[PDB]
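Chemist: Could you have a look at this structure, given as structure tokens, before my questions?
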Amino acid sequence: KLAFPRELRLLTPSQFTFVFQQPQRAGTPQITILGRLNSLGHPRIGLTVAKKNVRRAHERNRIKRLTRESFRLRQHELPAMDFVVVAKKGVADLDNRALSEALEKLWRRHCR
RNA sequence: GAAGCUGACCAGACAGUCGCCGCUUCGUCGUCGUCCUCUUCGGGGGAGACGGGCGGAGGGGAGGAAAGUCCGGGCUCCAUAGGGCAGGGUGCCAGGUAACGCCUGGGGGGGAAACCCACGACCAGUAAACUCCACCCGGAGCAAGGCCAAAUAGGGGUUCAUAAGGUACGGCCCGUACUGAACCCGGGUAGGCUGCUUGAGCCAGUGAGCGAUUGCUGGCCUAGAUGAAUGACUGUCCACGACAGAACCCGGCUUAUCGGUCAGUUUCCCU
Ligand SMILES: [Mg+2]
Ligand SMILES: [Mg+2]
Ligand SMILES: [Mg+2]
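Take a look at the structure:
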């Protein structure tokens, strides 16, 4: 089962503060990814995009949707970690294929 | 036939593998210390409500601007001697609306798309050049509050309540009872459910009004999420796809929009 239930998202900011105080760098000159270990056995991810970086509410939402579709497909492969995503400045200019390959280009060096 | 305007619709459809939400129902497991009857009452059976009570089934899920600080209202909480000053808005006539800086029909001028413009007394006093002449004008907001869970005083003062609080006017003073308040000796809901999508709606028939709009009769009810809900490759009538995001709701205008199909309208004149 490749479902994406409620127990796979960082709801409260406490998990965000935990990931911030225990971070490991894994970013590009465009997108930065952080994370930390947990204990539930299944990995969880957080979604944080800055409104000041890019406006246009169809954007940011598109980034969230693409990130969810890229994360929920590899939940049975990558180890159990508490991830978090952030979007920098010039990110809304890329299309879907470029963003997808850029997101899949980072998770290869996550051998933790 | 080419070019320019206004109005109407659209700015994708179909299938293509897994998934996110909420609506209804189906049985299923606990709680009822809910109800009723039998009972071994260690309780069982049935009816309701709640809980992740586990899956199945059915049918669903972003606009012509959802976007703005540009207006008006719906619905709550707080507050409010009646007397003015001060400030703001509106200012051709007549209608629409629940209201309006919104809509419509006339007149004057402006004039040609200035067929759109302040068009309230330039003499009542030297006016998209000033005073004034009338009407109106509390504040904050679905994190408003409402219901619960839960909360766990701090013996109260120089003692007066007058200038602790301009009490509310509140920008100002006339004062209406002008108002219960200093630091120790302070510790306290962080959660849940409703508001919440039936809309001062939509469609059809039929009168009224030059117009905006409306009288009457029938039918329709699958965004409401809470780091906050839209991805997959093949063909296509692929108009080769652009501006863009719901967050309590409604009525207008204000920006942004590649463009495609019709209707009306003018110039070009092979026609
Ligand atoms: Mg919006
Ligand atoms: Mg409050
Ligand atoms: Mg809306």
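Here the first sequence stands for residues 2 to 113, where the numbers follow the deposited numbering. Idealized CB from N, CA, C, for every residue including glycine.
Nearest by alpha-carbon distance to residue 103: which of 30, 56, 58 is it?
Modeler: For residue 103, the nearest C-alpha among the options comes from 30.
Chemist: Which term fits residue 84, buried or exposed, when burial requires 16 or more other beta carbons within 10 angstroms of its beta carbon?
Modeler: When all chains shown are included, residue 84 counts as buried.
Chemist: According to DSSP, residue 83 sits in a beta bridge with which residue or residues?
Modeler: Note: residue 83 sits in a beta bridge opposite 45.
Chemist: What residue does the beta strand (DSSP E) around residue 35 start on, and which one ends it?
Modeler: Per DSSP, residue 35 belongs to the beta strand (DSSP E) from 32-35.
Chemist: Given a threshold of 16 other Cβ atoms within 10 Å of its Cβ, counted over all protein chains shown, does residue 72 qualify as buried or as exposed?
Modeler: So residue 72 counts as buried.
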